[PDB]
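Contents: one structure, followed by commentary.
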Amino acid sequence: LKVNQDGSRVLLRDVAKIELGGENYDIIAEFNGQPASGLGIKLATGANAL
Amino acid sequence: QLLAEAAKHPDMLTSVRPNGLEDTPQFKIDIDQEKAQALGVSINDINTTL
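Keeping their order, the protein sequence lines are chains A and B. All residue numbers for the first sequence refer to the entry's author numbering, where the first residue is 251 and numbers rise by one. All residue numbers for the second sequence refer to the entry's author numbering, where the first residue is 701 and numbers rise by one.
Printed below as a string of structure tokens:
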């Protein structure tokens, strides 16, 4: 991010916690108390469900 | 590996081959940001020039 006047290095891990996480934590899912996920699938007009 | 194991069954297969290109040499330019900042160079200007 910058080099201080004292010749030091200001990395990103020194001012921020970096990790992998969902783009949004709004939605969560559980299957019988068990952590899970899934897809909700709809139909396009005119198609057959089967 | 699959092409190798396929050349071992010439009684059923032949002329087996890929339909693509094989890897070629590539020139990698590793930039260092410490010096680019020390000398006061904008990585944006660097890559735009390049």
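From the three backbone atoms N, C-alpha and C, an ideal C-beta is built for every residue, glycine too.
In the structure shown, B:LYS735 falls within a helical segment according to DSSP collapsed to helix, strand and coil. With respect to the C-alpha of A:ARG259, the residue from B:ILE743, B:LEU750 and B:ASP732 having the closest C-alpha is B:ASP732. B:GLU705 carries a helical assignment under DSSP once its states are collapsed to helix, strand and coil.
Beta-bridge pairing by DSSP links A:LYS252 to A:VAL260.
Note on geometry: alpha-carbon atoms of B:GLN737 and A:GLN255 lie some 12 Å from one another. At a Cβ-Cβ threshold of 8 Å, A:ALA299 and A:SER287 do not count as neighbours. Between A:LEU261 and A:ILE268, the CB-CB gap reaches or exceeds 8 Å.
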